[PDB]
């Protein structure tokens, strides 16, 4: 799990940096665990270079962490994340919508159900519009209402859909007093423009740092159990330089350096959402055979008759005085090979 931490964090930051190129100077919000977990699920049914491409794209080196250890590690991750903890709502799981005529391997279905928190639904993709609605409503349910309309379009020849969802709701260890929230305060969106946002205010002891190298302020706010938020505030004009630096290395440096002390803290109350069409991005990052006429998903179905066609993610965030609610879902679509 520790090795998986650094690798999964560095995937997160490499994907982040892809998004800063695709949607420059725009809000970014995603669950890297949801994307990583979906793709590792898909890789359980893959063989040879189709399988190795997926895990190498996720940042693993198969000499250091063999394929079966990757598999084991992600199964342990999903279990741990879902283990109940008082005062934290955290669910992460998967659903496999499989065409009524496909011939899935007992092994794959037993793997995903027993070891990867997967529900399996035989789906009639001859009714594509009904299947899209069914899948979206399932994800909406599993996210406590928060991820609506995950799938905007499904290809008419779809024969399998894999979804991962994540939902998180936690209270701050030190909640804000709403009587100190300023109804309308300025937030700078670009050099000459502000928007109005409710600004929460608390003077409290927080772990915090000024990174003297990266020219940014880092502020840690704990949730009441098993979770924390990090807020990274670059100096004026320094966001791109901070974005280029972010890595597992940086996180380990901050983990050592942050010190708890009094801070007069102002934080916005706000909600945002974001959507990503990930098909081409994942191809660029190295997942190639999965999309090809020669995809090897021999571990998934008897006839190996499917290939990946599309991939998308949606994630939502709310921060207010009591805490944070966030959710995400990832969709992978497959068609006949």
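For the two forms, the rigid core is made up of the largest set of C-alpha atoms that agree within 1.5 Å on superposition. Residue numbers count along the first chain shown, from 1.
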query: Greatest C-alpha divergence in 7 other deposited structures of this protein once each structure is fitted on the rigid core, 139 to 147 or 88 to 96; finding: 88 to 96
query: Greatest C-alpha divergence in 7 other deposited structures of this protein once each structure is fitted on the rigid core, 219 to 227 or 98 to 106; finding: 98 to 106
query: Residue range whose averaged C-alpha B-factor is higher in the record, 83 to 91 or 156 to 164; finding: 83 to 91
query: Mean temperature factor over C-alpha atoms, higher-scoring stretch between 318 to 326 and 15 to 23; finding: 15 to 23
query: 184, 217, 250, 171, ranked by C-alpha B-factor: the highest one; finding: 184
query: C-alpha B-factor winner, where the candidates are 115, 209, 233, 229; finding: 115
query: Entry-reported Cα temperature factor of residue 198, expressed as the chain third it lands in; finding: middle
query: Ranked C-alpha temperature factor of residue 142 among modelled chain residues, by third; finding: middle
query: Chain-wide C-alpha B factor ranking for residue 130, given as lowest, middle or highest third; finding: middle
query: Record-listed C-alpha B factor of residue 61: chain third; finding: highest
query: Lowest, middle or highest third - CA B-factor, residue 108; finding: highest
